[PDB]
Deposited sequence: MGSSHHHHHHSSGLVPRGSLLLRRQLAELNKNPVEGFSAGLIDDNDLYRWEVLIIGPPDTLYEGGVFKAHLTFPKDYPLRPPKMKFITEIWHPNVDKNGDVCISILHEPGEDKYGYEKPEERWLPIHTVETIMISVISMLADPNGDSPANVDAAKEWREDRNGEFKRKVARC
């Protein structure tokens, strides 16, 4: 058994998230065997286009995380300028070159903060 290096980081994040649940989203593994493939459930914010909505996105971490950012893709249909027709999310926190670029220090919380903000202002 060879453990991917970022496993400890990802496990800590998952646990930190589970012990500090947040309003408006839940994050977990699609498959407990696999720390690199997450799903995030996101509640559409009040007084927006998305109010009443609930959305599933996949957050997929590269095997060399945290040096490279995860990729995010909405699975539930959604309309947003930063979300392409495949569902892929185009957001600067997830672009390689503080929250306007990927830095190895960004956590899932940092990413979701940015995603929630972009929905609260389409």
query: Deposited residues without C-alpha coordinates, grouped into stretches that follow sequence order; finding: 1-12, 110-118, 144-172
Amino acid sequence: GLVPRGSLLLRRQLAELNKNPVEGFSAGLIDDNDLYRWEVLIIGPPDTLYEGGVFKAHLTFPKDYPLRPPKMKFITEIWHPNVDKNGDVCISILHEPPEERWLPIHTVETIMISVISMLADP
From here on, numbers count along this sequence of modelled residues.
query: Between the two ranges 4-12 and 113-121, the one averaging a larger CA B factor in the entry; finding: 113-121
query: 32-40 or 88-96, whichever carries the higher mean Cα B-factor; finding: 88-96
query: Largest Cα B-factor, entry values, listed residues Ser26, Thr76, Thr48, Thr60; finding: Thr48
query: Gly52 by Cα B-factor - lowest, middle or highest third of the modelled chain; finding: middle
query: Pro69 - which third its CA temperature factor falls in, relative to the rest of the chain; finding: middle
